[PDB]
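Colleague: Got an experimental structure here, sequence first:
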Amino acid sequence: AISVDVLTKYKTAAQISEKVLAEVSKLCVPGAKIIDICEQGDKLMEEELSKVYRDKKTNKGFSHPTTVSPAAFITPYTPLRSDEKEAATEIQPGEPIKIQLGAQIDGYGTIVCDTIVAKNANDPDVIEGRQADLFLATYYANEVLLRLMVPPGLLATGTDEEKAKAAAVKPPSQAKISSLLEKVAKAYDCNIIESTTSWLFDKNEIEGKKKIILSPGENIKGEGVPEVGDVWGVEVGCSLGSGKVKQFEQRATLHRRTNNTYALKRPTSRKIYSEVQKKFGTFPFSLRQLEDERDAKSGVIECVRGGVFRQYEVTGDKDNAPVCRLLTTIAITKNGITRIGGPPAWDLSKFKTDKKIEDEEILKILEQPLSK
């Protein structure tokens, strides 16, 4: 069981992340410059952070930089101010924008990601066409995934014999999880984004010792099963295209410190390394967050080459089609699955399409509860 102390720190992080997410989503209007939004989000996060756990030397910070990703972007986007062309990128109207960010208290982080439609306050709320399909695929993929993560039998009802039959059912393989989510996307003629990964979280860790990898494809596979006591960053992504991923040309700015001990030779490497250890610890950060972009670009090179920073390469839809993503931080307890921190529920009434999930296996899963 997760202690009150730990659960409460995750929860403090979630409330901060959800509040910053809401403030950042309001800034995502057509014409807004992405770099301004990320900077403002990061600023908000720090303000919110300074308003809690003030007493004592309680560590705290970002679990994830504010990122704002256009239509076909998969890697969370957070560009440099000194990259003139990138830093002038503006929100395009009607595009699906991924906003992913998060906070961190005493090494317990919550990461959240919502996808919204870029628009002005007095634009219509309705989403239609294949864009409605893209969103609904992602929504239902998420609802299905979350239910596939409830440990077998935890919430089974009925006779003792039914309850025992449920608890003795093996946790679904990751291949089975994948094919079901693919089925969900297909009902909307969308595809799951290859290798979309959910990670176990732990103290100072957002890429823990268990992970679920959706539609792995080839020489890749996830390992580990969700258990009562776990906290997970649960992610789903869909594409109006094939759901294939490809490297784009924007500068990689998203990184995180690893636990590798490689000795850095270059002084700007060590300098940036120490700056990051102190501010972010082992949590993801954007190069734009560092004190000096020129130092950032110089030192990051050896840090990545040496394996002490992990670099998250810039990727986007291989077909250059729009993508949709959700990321929820959950807790698994006695009572099932609780969403500690995530995106605000979507009003399904706003989505307009003829498409519908018809597969019986999937509709049945959707009837299963997430918790008691």
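Modeller: Received it, and whenever you're ready, just let me know what you need. Numbering: from 1, shown residues only.
Colleague: Run the chain-centre distance for the longest helix seen in the chain.
Modeller: Within the chain, and with DSSP state H defining each element, the longest helix by residue count is helix 4-27. Using Cα atoms, centre = their mean, to the nearest Å, we find the averaged C-alpha position of helix 4-27 to lie 14 Å away from the chain's own average C-alpha position.
Colleague: and after it, which helix or strand comes next?
Modeller: Tracing the chain past helix 4-27, the next element assigned as helix or strand by DSSP states H and E is helix 34-50.
Colleague: Determine the set of other helices and strands touching that next one.
Modeller: Using 3 or more Cβ pairs under 8 Å, 6 or more residues apart in numbering; DSSP states H and E as the contact definition, the elements that helix 34-50 packs against are helix 4-27, strand 60-69, strand 96-105. C-beta: built from backbone N, CA, C; applies to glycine.
Colleague: Neighbouring strands - and their directions - for the second one?
Modeller: Each strand paired with strand 60-69, and its direction, by DSSP bridges: strand 96-105 (antiparallel).
Colleague: next helix or strand past the strand it pairs with?
Modeller: Counting by DSSP H and E, what follows strand 96-105 is strand 108-117.
Colleague: Please find the angle between the direction vectors of that following strand and strand 96-105.
Modeller: Counting by axes from the mean of the first three to the mean of the last three Cα atoms, to 10 degrees, strand 108-117 points 160 degrees away from the direction of strand 96-105.
Colleague: what element comes up after strand 108-117 heading to the C-terminus?
Modeller: With secondary structure assigned by DSSP H and E, strand 108-117 is succeeded by helix 129-148.
Colleague: How many residues are close by residue 47?
Modeller: Other residues within reach of residue 47 by the criterion other Cβ atoms under 10 Å amount to 11.
Colleague: Which residue is the nearest non-sequential neighbour of residue 293?
Modeller: Nearest in space to residue 293, with sequence neighbours left out and distances taken as Cβ to Cβ, 6 or more residues apart in numbering, is residue 82 at 4.7 Å.
Colleague: count of neighbours near that neighbour?
Modeller: Residues near residue 82, counting by other Cβ under 10 Å, number 15.
Colleague: Which of the helices or strands spans it?
Modeller: Here residue 82 is assigned to no helix or strand, by DSSP H and E.
Colleague: nearest to residue 86, of the helices and strands packed on helix 34-50?
Modeller: With distances scored as Cβ to Cβ, the stretch of the helices and strands packed on helix 34-50 nearest to residue 86 is strand 60-69 (12.0 Å).
Colleague: Pick out the residue closest to the middle of the protein.
Modeller: Among the residues of the chain, the smallest C-alpha distance to the mean C-alpha position (Cα atoms, centre = their mean) belongs to residue 327, namely 3.7 Å.
Colleague: that older thread, make TSV out of the helices and strands packed on helix 34-50 and add mean neighbour count.
Modeller: Conversion of those to TSV gives the following (neighbours: other Cβ atoms under 10 Å):
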stretch	mean neighbour count
helix 4-27	20
strand 60-69	26
strand 96-105	27
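Colleague: Would you mind saying which of these lies nearest residue 159?
Modeller: Short answer: helix 4-27, nearest of the helices and strands packed on helix 34-50 by Cβ to Cβ, at 32.4 Å.
Colleague: Now do that closest one: which elements does it pack against?
Modeller: helix 34-50, strand 60-69, strand 96-105, strand 108-117, strand 323-333, strand 336-341.
Colleague: and the angle from that helix to helix 34-50?
Modeller: Angle of helix 4-27 versus helix 34-50, following the same axes, to 10 degrees, is 150 degrees.
Colleague: sorry, back to before: and the helices and strands packed on helix 34-50: which comes nearest residue 170?
Modeller: Go through those one by one with Cβ to Cβ and the one that ends up closest to residue 170 is helix 4-27, at 28.1 Å.
Colleague: Now do the closest one against strand 323-333, angle only.
Modeller: With the same axes, to 10 degrees as the criterion, the two stretches helix 4-27 and strand 323-333 enclose an angle of 160 degrees.
Colleague: residues in contact with helix 4-27?
Modeller: Identification of contacts with helix 4-27 by Cβ atoms under 8 Å, 6 or more residues apart in numbering yields 36-37, 40-41, 44-45, 48-49, 52-53, 63, 66, 68, 99, 101-106, 108-112, 114, 116, 231, 329, 331, 340-344.
Colleague: now it and strand 336-341, what's the angle there?
Modeller: 50 degrees.
Colleague: for the stretch 151-300 of the chain, what spans make up the helices?
Modeller: Taking DSSP state H, counting those that start in this stretch to define them, one finds helices in the stretch 151-300 of the chain at 160-167, 174-186, 267-280, 293-305.
Colleague: would CSV of those with distance to residue 4 and mean neighbour count be doable?
Modeller: Rendered in CSV, the data for these read as follows (distance: least, Cβ to Cβ, whole Å; neighbours: other Cβ atoms under 10 Å):
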stretch, distance to residue 4, mean neighbour count
helix 160-167, 27, 12
helix 174-186, 31, 19
helix 267-280, 27, 18
helix 293-305, 38, 18
